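Just one chain follows, in the form deposited without the DNA, and it is written as structure tokens.
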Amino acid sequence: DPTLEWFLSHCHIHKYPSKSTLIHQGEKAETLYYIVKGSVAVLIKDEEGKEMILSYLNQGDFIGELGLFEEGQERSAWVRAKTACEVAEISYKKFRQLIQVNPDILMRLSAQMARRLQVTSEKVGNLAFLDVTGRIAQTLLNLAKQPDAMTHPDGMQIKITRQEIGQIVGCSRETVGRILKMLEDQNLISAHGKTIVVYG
């Protein structure tokens, strides 16, 4: 996009190494981010430090938007780099000037906000309506369709730890192990540690 190139001209770009934290929950929000390269996880936590992953976000995604529309808000979640990342940043105040000049850039942001609300509402449904087995089976399916899934004789090979699965579906590493064993017994997957083949 000329429109994205223009926007990015007004930003300053910074590099975050894998596993660094871009955004901490509770911080005062005054800036917008945009992922030029790399991927992140958006995380929230329990009273006990238990993590739940709300979303992954990737190249092309805005981050830090939820504070833009009313002053004095706090970041709603943690954002942690899943890989090395390159991230453009701009102040809300400069971004609002860009909006005035060309509201197409707010349309692009708002389109992502709408999709997130859809996807997060679908997550609420999954958590409310599906048992942990159904959530795990749905998670493996979705991971198998991701761009990073390797093709396999029997289906798609994915790379994900039980910990990560637990953080997505909302259960312990141990509950994940018990259910993965069930799914292999049922001849639906194979599991070799962090490697899982989902059968087509």
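Start at 1 and count along the sequence shown; that's the residue number.
Although not depicted, the form deposited with the DNA bound is the subject of the following passage.
- The stretch among 51-59, 36-44, 22-30, 158-166 whose residues place heavy atoms within 4.5 Å of the DNA in the deposited complex is 158-166.
- The contact residue chosen from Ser172, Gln138, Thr151, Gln146 relative to the DNA in the deposited complex is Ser172, the criterion being a non-hydrogen atom within 4.5 angstroms.
- Although the partner is absent from this view, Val132 contacts the DNA in the deposited complex, with a non-hydrogen atom inside 4.5 angstroms.
- At least one heavy atom of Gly193 is located within 4.5 Å of the DNA in the deposited complex.
- Residue contact with the DNA in the deposited complex: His14 places no heavy atom within 4.5 Å of it.
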